[PDB]
Amino acid sequence: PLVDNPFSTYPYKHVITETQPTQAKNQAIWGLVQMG
Amino acid sequence: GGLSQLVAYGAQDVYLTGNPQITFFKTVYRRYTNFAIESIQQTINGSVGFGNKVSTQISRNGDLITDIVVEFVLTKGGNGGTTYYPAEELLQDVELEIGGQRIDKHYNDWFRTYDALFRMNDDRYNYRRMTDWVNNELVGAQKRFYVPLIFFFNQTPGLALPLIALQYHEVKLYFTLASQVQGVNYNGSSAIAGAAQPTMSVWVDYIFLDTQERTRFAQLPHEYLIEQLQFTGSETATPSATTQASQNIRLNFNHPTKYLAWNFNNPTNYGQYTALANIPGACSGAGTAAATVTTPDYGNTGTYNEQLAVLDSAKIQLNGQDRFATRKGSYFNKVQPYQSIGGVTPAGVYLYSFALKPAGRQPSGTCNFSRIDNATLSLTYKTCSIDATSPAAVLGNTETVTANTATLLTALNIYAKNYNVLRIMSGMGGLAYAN
Amino acid sequence: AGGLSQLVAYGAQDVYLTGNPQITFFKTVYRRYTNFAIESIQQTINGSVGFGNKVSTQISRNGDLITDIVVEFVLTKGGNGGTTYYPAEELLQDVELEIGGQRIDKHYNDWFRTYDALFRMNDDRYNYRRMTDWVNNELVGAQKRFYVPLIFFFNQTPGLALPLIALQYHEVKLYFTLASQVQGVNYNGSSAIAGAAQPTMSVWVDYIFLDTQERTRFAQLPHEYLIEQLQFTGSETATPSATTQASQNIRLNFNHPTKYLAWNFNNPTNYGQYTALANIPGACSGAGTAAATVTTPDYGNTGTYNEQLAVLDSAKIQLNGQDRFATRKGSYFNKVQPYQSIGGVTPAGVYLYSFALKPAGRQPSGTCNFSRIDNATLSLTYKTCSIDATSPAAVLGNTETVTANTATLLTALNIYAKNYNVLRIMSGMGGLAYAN
Amino acid sequence: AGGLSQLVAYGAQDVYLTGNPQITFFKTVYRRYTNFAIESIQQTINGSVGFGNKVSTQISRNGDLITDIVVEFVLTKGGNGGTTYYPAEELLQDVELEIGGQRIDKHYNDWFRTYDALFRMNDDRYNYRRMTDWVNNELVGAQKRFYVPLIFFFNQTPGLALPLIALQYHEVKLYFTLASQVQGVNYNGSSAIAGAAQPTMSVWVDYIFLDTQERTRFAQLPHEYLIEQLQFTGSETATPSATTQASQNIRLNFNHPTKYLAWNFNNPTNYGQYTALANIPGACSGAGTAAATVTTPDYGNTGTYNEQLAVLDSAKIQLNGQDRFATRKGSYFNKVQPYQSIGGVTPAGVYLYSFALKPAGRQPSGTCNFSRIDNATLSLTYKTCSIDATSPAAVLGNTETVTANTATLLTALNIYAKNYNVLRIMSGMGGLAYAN
Amino acid sequence: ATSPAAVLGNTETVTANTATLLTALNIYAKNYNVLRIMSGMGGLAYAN
Amino acid sequence: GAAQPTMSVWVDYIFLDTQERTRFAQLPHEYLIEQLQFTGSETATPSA
Amino acid sequence: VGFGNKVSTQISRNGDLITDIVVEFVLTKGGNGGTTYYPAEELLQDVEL
């Protein structure tokens, strides 16, 4: 229902494409920033 | 008895009861999703005190966040009437962000404006109890104050923050505390010796969902329609005599805006939106030989007498053209909130709506300032020629003149309330439309 | 612990509350709406504006629908603080809406006073006072801009907005009559005030503009609106000075499915005075000191709440010879009836009986159809006016069956019926489906 | 220019609001209902009406379903202005709702004052006073007609009306316990008022008449109603005198899905008094003068918004040995909770904690099902009563953990819980599905 | 309490008049539960 | 003139090896644990 | 940190297991010998895991 405005949606496209720890399942990782 | 009218069924009443769809007296209530509500304390990162800025990270205790209330403990330094909403002027502002991305921000002046404009009836009186001393309490008195926050998710459970689905971007609130609080550590410009520092704690009301709903929140994407407050401060100037000045303020707003609201205030005395005068409740000592019109009788700072107001008329323009013909300020203070809200607005606070029912959250008409290249608010002021110390003129002059003390209402605060969309996908989210 | 501890407290009594659910409270739904813009422009007045003059205005068809009409007055008063009582409302004496040559809805200043007195029930009533009267002790010589909104069927909810775009061949006119006698501006009681300036008046109308795509479809389709109208005729009271609790059997002349009947007992000289006047605070001019006079009100406090000053003792509605309900005391119709029906404060002297469950709303909820009832009557029984209005011992210390001797000054009776019918608009013309 | 300047301002950002519209705000369609009539009539009271007497009435079967009940009293006061405080609410000591020989609900005079303190909000509260008290500075000897509406689950909304037509085998009765002592009518504090009048009472019920098709369905088909009950036991307090902050762990006896818990700290000798008394305006009889006495309230202003006079320091609720939420000071429960859940102002001394998002309504919005909570405890901490009530400087000038010496008179703790149950109507007999 | 001859010279059924200041009752219970850690999450398997 | 405290919380951490950390993070665990349950109350010490 | 205040410690995942936690205070007393009794123990009024 939302249109893609090339002047207003860029900040949103940036953050939703930001690298995040999505592969931290059953991993022994020293640092995980308060995931949930 | 009642059968005497029940049998008296006719022709034109077919539009009321012909082939009924509903019956009023057997109401079926809907079955809901199991949840529990709990309110717990958040810790504050930083030193709490006057003029300090601290932040709170909201812990991941529940599934959804709804009400957040900031509790402050204050000791007054003055007598009854020397305070005027201490709790919310101390709460200078609150900035809301998700993962470092700004969602919204509210200012102490807005909290006063919103309380003055949209909160109504005894609810507002209760609010006063939550933020002020209302029983003529004296020097040394201690009271615990509660300042509820009014972000888009704070007034309705339907817009609560989906923590389940906001795994990678934490929710934070930054709290700026005022350096000066009237009646607590300052009395006018004078410091109050020995005034204590505020103690503050942030309470967050969590909702806990049951098993299937939690799963649904965790796996499905979400689209929430949310509000934003747009603001920056402006400067104005009202002449003393011989003229009614005009001013053209260039507005810098974007997004579907459902109303604009603004006020004219004295930057030193928090919440003063009108001129002070030697009439009851309009200044310190009003009505007695000691009456002085430069200092308010603070606990009564808010008034409904628009002759103490500075604004004469206002007009909103879009791209160089008038939106409506110029109307006098009293329309925007008394009639628009009657049409759009239903309550009463004190003098000096003005509203113009683009929506039919901006008080509610269901969208009801917007002006999208993202397609407007030049939005201008044009003001005409009253001539400040009434001698504020003479009730003969303050309670008896023409509509185009205001008090000489109105020349101190030099801070122009213009607010815009708009829609944006908070969209959550794969454990994170943010607002779809920036500018 | 906490919420999870509460969350698991699940059992047999929950099967009808959380089991096999239909809804949640944590995800609201917004709807996509027809694109529109709101506009407000000023309407001219054809005729001379003044006290006692009749003027009219035609609504310029700039927009597609009309939603809200606010009449502006600029008044200057010749009296002191407390000598006025809704001077903008007394002044707006008669208002009627004409569609294509036919009258469909008329309202009186006394009705506006009743509506403010009956359905405005919070900050709204105070704000109404703010824009109709002075509320901040202003002195003689003060002037003020007043905003008196109209309450036609379309002036509160956008859903019944008058569709000018579908009335291609009709004139829509507002006819105004301004009162000749307005307390505090031209007269103080019965005496004329020298230097009484004429009012400045104009009418502001809030237009709705629809987007071209739905505006075309909207304009071409026929429409029906279920709207409410006011029906009214005047009457007279029967208030004795002594020994008798007088009765009068009033024959009613109303038609159409009616939500409620409301009536007040008015002093025709002092606008909005629905009670006796007495030498108690706020109940008359000078009350409480030696100058107190019980024949002239303290106008700014005309509206009071002490029913001891009421003239009506009991009332009963009858339909075709049968009691509609058993006889009740005036305090019933003033206090608890609106508590049940609307949920708010009503001053003394204003009475109603509601046929609707919730007449304050616009959703029909039970009506009495006076188009099929041939003989509806309203029986009123008065209090004995045996209290000496000048003695607080008797005004504040007596029984409910008696009232003040000044209640006899209440000689006009106003009975209102607010009711439903249907407004039909087709091919550029419209009007009401049913007469009366 | 004008409104069209916004209408044409169609961009990308607003599409999600105006594309493919579903709702038009400007063309309303009202749902059609089934014809009914409302009638309000009296019933015979069986038993002598008076002070300390208990009477009953059987609802005369003049309707198909019952929506509202109002108890009317005639009282004469033995005192002057300010000597009464809801004398009609105090007289109505309690009311029991009985359907078919079994108890459904029972409300107590104190519960009515608490409901008024929490859920009856806006100026509508003023009507409540107007229907129950003397609010116009009335003097000794005045006699007045009072209206005490009942607030059973079916009294504020037609949706849960009692469908008597469907209960043709069960009687529905109302039992009214009248107080032995009413402040200002037959006692002034504990002192009897010589010559006090015996009160007169009548009970009125609002009946609904349904038409042929709807009443047939009601009579032949079974029904399941979602109804509300009040659970109450009156507890004792341990209010401290000096040097200590006493605490209590009050074991609660509740079952069924609960909307909220509310409580107050009462002075059993002065109805509706929930705070300390002090030598400040409205806080005690004679306050501000040499005659001020802090042992007797200025009754008509018994309720206050002065936190310093409230006794509670802090509270927490534990369920099955676990913390339900973190400890709050008393100022939380009489401010933040009614603010978030109701949206009104709660007088000091009355506290509420909700489990429900909207406890003021009927649509379930979250419950605490005590059927799965085996040990529920309300833990209270009191403020120390060390302030001299007679010194305005100490009462309006001290800290959050102390109150006045007169708070020790608040010896009774009244804990209320509202819950959901199901009222099943089957083959002419009614009853609750879940009993405990 | 002020005379040791009376405090050090009496029976098991009596104590000092100052003993009435011991007004706080503290009853503790120490118990078992199970801390169940599966998929990166922890918590209490059995609790009320 | 009393000074405020300085507070630090010190934690003793256990570091494991290559194979142990792989298994430890990947496998579920069930620890038998202690809890304290407590609510304070009021006693009844008599006078005489 | 101060007297009567409430603070929290979030445990960093600095190691693989966490075992022994000790709370460190610096205090200066205003009284003489015999005027204190476990002053660091009463200092920590309610600690929650």
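The single condition among (1) over 23 Å from the mean Cα position of the chain (by Cα); (2) within 19 Å of C:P149 (Cα to Cα); (3) among the hydrophobic types (A, V, I, L, M, F, W, C) that B:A291 does not meet is (2). So for region C:230-244 (the condition being within 30 Å of C:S60 (Cα to Cα), within 14 Å of another protein chain (Cβ to nearest Cβ), of a type outside the set (D, E) and in contact (Cβ under 8 Å) with a residue 24 or more places away in the chain), does at least one residue qualify? Yes, the conditions are met somewhere in region C:230-244. Considered as a group, the residues in region D:110-134 that are within 7 Å of chain C (Cβ to nearest Cβ) and not in a helix (DSSP H, G or I) include one that is nearest to D:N186 (Cα to Cα), and that residue is D:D123.
Selection of region D:96-129 for residues being under 23 Å from D:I66 (Cβ atoms) and touching a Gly at 6+ places or on another chain (Cβ under 6 Å) yields D:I99, D:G100, D:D124.
The residues of region B:27-44 that are more than 19 Å from D:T367 (Cα to Cα) and more than 7 Å from chain D (Cβ to nearest Cβ), listed by number, are B:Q42, B:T43, B:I44. The residues in region B:402-412 that are part of a strand (DSSP E or B) and surrounded by fewer than 20 Cβ atoms within 10 Å (Cβ to Cβ) can be counted, and the count is 2. Of all the numbered requirements in (1) in contact with a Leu (Cβ under 8 Å, 6 or more places away or on another chain); (2) among the hydroxyl-bearing types (S, T, Y); (3) assigned to a loop (DSSP other than H, G, I, E, B); (4) over 30 Å from C:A37 (Cβ atoms), D:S48 misses one, and that requirement is (1).
Just the residues that are part of a strand (DSSP E or B) and small (G, A, S), please, taken from region D:53-109.
Kept after step one, since they are part of a strand (DSSP E or B), are these residues of region D:53-109: D:54-58, D:65-76, D:92-99, D:102-108.
Within region D:53-109, D:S56 is the sole residue that qualifies.
The set of residues in region D:142-165 being more than 7 Å from every other protein chain (Cβ to nearest Cβ), over 19 Å from C:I342 (Cα atoms) and surrounded by fewer than 23 Cβ atoms within 10 Å (Cβ to Cβ) consists of D:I165 alone. Does G:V7 satisfy the condition of being closer than 24 Å to B:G46 by Cβ, within 14 Å of the chain's Cα centre (by Cα) and within 10 Å of chain F (Cβ to nearest Cβ)? Judged against the criteria, G:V7 is a match. Residue pairs whose Cβ atoms lie under 7 Å apart, separated by 6 or more positions or on different chains, with the first residue in region D:371-398 and without any contact (Cβ under 8 Å) to a residue 24 or more places away in the chain and the second surrounded by fewer than 18 Cβ atoms within 10 Å (Cβ to Cβ), are D:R372/C:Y10; D:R372/C:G11; D:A394/D:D388; D:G397/B:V139; D:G397/B:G140.
If I ask for residues that are under 24 Å from C:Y225 (Cα atoms) and surrounded by fewer than 23 Cβ atoms within 10 Å (Cβ to Cβ), which ones from region C:370-383 would you list?
Within region C:370-383, the subset under 24 Å from C:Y225 (Cα atoms) is C:370-372.
Answer for region C:370-383, where residues must be under 24 Å from C:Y225 (Cα atoms) and surrounded by fewer than 23 Cβ atoms within 10 Å (Cβ to Cβ): C:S371, C:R372.
For region B:249-256, indicate whether the set of residues that are more than 11 Å from every other protein chain (Cβ to nearest Cβ) and either outside any loop (DSSP other than H, G, I, E, B) or hydroxyl-bearing (S, T, Y) (or both) is non-empty. Within region B:249-256, one or more residues are more than 11 Å from every other protein chain (Cβ to nearest Cβ) and either outside any loop (DSSP other than H, G, I, E, B) or hydroxyl-bearing (S, T, Y) (or both). Selection of first residues in region D:315-331 that are more than 7 Å from every other protein chain (Cβ to nearest Cβ) and of second residues that are basic (K, R), restricted to Cβ pairs under 6 Å at least 6 apart or on distinct chains, gives the following pairs, ordered by first then second residue: D:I317/D:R324; D:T327/D:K316.
In the set C:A315, C:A262, C:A278, only one residue is under 30 Å from D:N35 (Cα atoms), aliphatic (A, V, I, L, M), surrounded by 24 or more Cβ atoms within 10 Å (Cβ to Cβ) and in contact with a helix residue (DSSP H, G or I) (Cβ under 9 Å, 6 or more places away or on another chain); that residue is C:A262.
Quick one: is C:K316 among the basic types (K, R) and either within 19 Å of the chain's Cα centre (by Cα) or in a loop (DSSP other than H, G, I, E, B) (or both)? Against the criterion (among the basic types (K, R) and either within 19 Å of the chain's Cα centre (by Cα) or in a loop (DSSP other than H, G, I, E, B) (or both)), C:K316 does not qualify. Do we have any residue at all in region B:46-67 that's among the aliphatic types (A, V, I, L, M), outside any loop (DSSP other than H, G, I, E, B) and within 13 Å of chain D (Cβ to nearest Cβ)? Yes, region B:46-67 has at least one match. Scanning region D:156-209 for residues that are touching a helix residue (DSSP H, G or I) at 6+ places or on another chain (Cβ under 8 Å) and closer than 17 Å to D:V70 by Cβ returns D:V172, D:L178, D:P199, D:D206, D:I208. Taking the numbered list (1) free of Cβ contacts under 8 Å to residues at least 12 places away in the same chain; (2) more than 11 Å from every other protein chain (Cβ to nearest Cβ) in turn, B:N263 passes all entries but (1). B:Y419 meets the conditions (1) over 22 Å from B:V310 (Cβ atoms); (2) under 17 Å from the mean Cα position of the chain (by Cα); (3) among the aromatic types (F, W, Y); (4) more than 10 Å from chain C (Cβ to nearest Cβ) in every case but one. The failed one is (4).
Criterion applied to D:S40, D:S5, D:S56 was being surrounded by fewer than 18 Cβ atoms within 10 Å (Cβ to Cβ) and either facing chain C (nearest Cβ under 8 Å) or closer than 26 Å to C:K329 by Cα (or both), and the one residue passing it is D:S56.
Just to be sure I understand, how many residues within region B:337-360 are touching a helix residue (DSSP H, G or I) at 6+ places or on another chain (Cβ under 8 Å), more than 7 Å from chain C (Cβ to nearest Cβ) and on the phi < 0 side of the Ramachandran plot? Steps first, please.
Of the residues in region B:337-360, the ones touching a helix residue (DSSP H, G or I) at 6+ places or on another chain (Cβ under 8 Å) are B:337-338, B:341-359.
From what's left, more than 7 Å from chain C (Cβ to nearest Cβ): B:337, B:341, B:345-353, B:355, B:357-359.
Now narrow it down to the ones that are on the phi < 0 side of the Ramachandran plot: B:337, B:341, B:345-347, B:349-353, B:355, B:357-359.
Here the count works out to 14.
Per the listing D:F152, D:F146, the residue uniquely assigned to a loop (DSSP other than H, G, I, E, B) and either under 22 Å from D:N127 (Cβ atoms) or of a type in the set (S, T, Y) (or both) is D:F152.
Going through B:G271, B:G299 one at a time, which residue ends up being within 14 Å of chain D (Cβ to nearest Cβ), surrounded by 20 or more Cβ atoms within 10 Å (Cβ to Cβ), small (G, A, S) and in contact (Cβ under 8 Å) with a residue 40 or more places away in the chain? Going through B:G271, B:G299 in turn, the sole match is B:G299. Of the residues C:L92, C:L139, C:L97, the single one that is among the aliphatic types (A, V, I, L, M), surrounded by 20 or more Cβ atoms within 10 Å (Cβ to Cβ) and in contact with a helix residue (DSSP H, G or I) (Cβ under 9 Å, 6 or more places away or on another chain) is C:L92.
Can you tell me how many residues in region B:10-25 are more than 7 Å from chain D (Cβ to nearest Cβ) and either part of a loop (DSSP other than H, G, I, E, B) or under 20 Å from D:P158 (Cβ atoms) (or both)?
First, pick out the residues of region B:10-25 that are more than 7 Å from chain D (Cβ to nearest Cβ): B:10-15.
Checking the rest, the ones that are also either part of a loop (DSSP other than H, G, I, E, B) or under 20 Å from D:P158 (Cβ atoms) (or both) come to B:10-13.
The qualifying residues number 4.
Beta carbons closer than 9 Å, at least 6 apart along the sequence or on distinct chains, pair a first residue in region D:133-145 that is without any contact (Cβ under 8 Å) to a residue 12 or more places away in the chain with a second that is surrounded by fewer than 19 Cβ atoms within 10 Å (Cβ to Cβ) and part of a loop (DSSP other than H, G, I, E, B) for D:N136/D:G81.
Summed over region D:245-292, residues that are within 30 Å of D:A433 (Cα to Cα) and either away from every other protein chain (no Cβ under 14 Å) or of a type outside the set (A, V, I, L, M) (or both) total 11.
None of the figures in this text is laboratory data; all of them are computed from the coordinates on show. Methodologically, a virtual Cβ is constructed for each residue, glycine included, from the backbone with ideal geometry; neighbour enumeration extends over all protein chains shown.
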